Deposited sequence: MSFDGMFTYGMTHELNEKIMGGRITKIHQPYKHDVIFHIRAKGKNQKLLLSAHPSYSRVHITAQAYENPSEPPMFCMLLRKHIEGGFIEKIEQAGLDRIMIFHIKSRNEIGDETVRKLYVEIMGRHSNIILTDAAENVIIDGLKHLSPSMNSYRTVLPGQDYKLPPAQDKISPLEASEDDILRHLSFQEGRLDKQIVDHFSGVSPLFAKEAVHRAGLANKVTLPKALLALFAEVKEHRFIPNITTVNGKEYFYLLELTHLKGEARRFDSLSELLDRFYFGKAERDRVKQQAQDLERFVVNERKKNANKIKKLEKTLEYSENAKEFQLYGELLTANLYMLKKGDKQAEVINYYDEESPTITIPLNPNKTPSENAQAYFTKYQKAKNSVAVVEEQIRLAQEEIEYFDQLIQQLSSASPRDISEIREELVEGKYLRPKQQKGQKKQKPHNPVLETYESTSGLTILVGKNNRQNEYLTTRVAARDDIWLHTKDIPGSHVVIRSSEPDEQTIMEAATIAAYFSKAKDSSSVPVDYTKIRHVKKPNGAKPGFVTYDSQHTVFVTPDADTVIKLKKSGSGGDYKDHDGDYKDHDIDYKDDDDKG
């Protein structure tokens, strides 16, 4: 996302605000991120320098994110050498993802001194390095680089500074003179021709479809500061630029400054990334156990197919009992009429009396019947976990991060994993009511059992997986009855479904029947479908 064109944009809009700025306080709130408070234009405001490998940027920023309890090692040098210092200049350094700050400072006897601070925004190996402007010595860098990496450059304290290698990419018709008619993937050729540009910009440029007017428009529009600060959403992924986006299929939102763009894009990034990681790491775990339980029924069912037909040993026992007056000790078979009038040749034990032969079939029957009941209760337990994990995965797929932060506790309590007033999350409803719901099972159970009496009307999806939701103690108008279904269909056994019915019931039923199975009685259902965010 952050690009040489964006680097030029920052180099100007910072110099509109930071020219002659006194650095009033420096602090390092995060491992690879450093804040300068700067007094300029009579105002006291924050510049963020970041060399985080994914999220690296230079960024004037509203949010007072944190200030550290620690004074960490790089930060202390910037406090020693450029806090109280005066920012003379900001420069684009060949435009490809580097910014230079030239800064004035004084020594411990008041002699005047000049420092260069280099922020390199080169992706996975972005870095921030401080240097003397007369001697070119690195004082220190936020990341060191030991010369055994054998790169063109070494980054060590007291060694001379250097800029990274230029790619032989030309500074910004001449591309049509390099371009080959056998090349698809044209964004590769555009990025290989021009400096200061990266694949999303080059891909949107290609999607303008010759394209010289497109590239000459873009480079002029950038130089002229004609751009729009823009964020976009492309189903799940979200991106930003100082650009209009040519043909990207997504949503869009715009602002007055690059500061607010970089704020509004990165402020949630750390939490969204942390959660999506841990939430998928819970999803992966539940999938393994749900697979293991479904495979445990697939085991037991085909195993039960080798059980005997208990009804036949029962029926033989009865038939021998009834015939028992005729039989003699140690005939090999009994020819017996069934109580329709077939005759079964029942085989006998040759030494047992005919009584003992009757008891022997009743014993085999009792073993068979017992074994089937034992395997059916194994199947019942595995079915409970299958159903519960179907419901759980519905919820986990559709839960907020805050509601995922409830779910794990129930599974640690469920012993599958290892290690207060609120429950519902609530939104507007028809006839101007307020409707409560919860995506977490224990929270839904605590909401449906206690937001309302027994006599009230309360609701769910009619499918076998759902979220439980209600307006509080309601008996609201038929408009509310027709609106509840859209919230139920935003949280049913499938998303975006076409005809999946809703259900509503008197809360004398919907009591408890693993967790969060409810008993159904006193109930109704209506056909329904998924809906837009207007379902709030």
Need the unmodelled segments of the deposited chain, numbered from 1, in order. 1, 174-178, 216-221, 352-354, 435-445, 540-542, 566-597
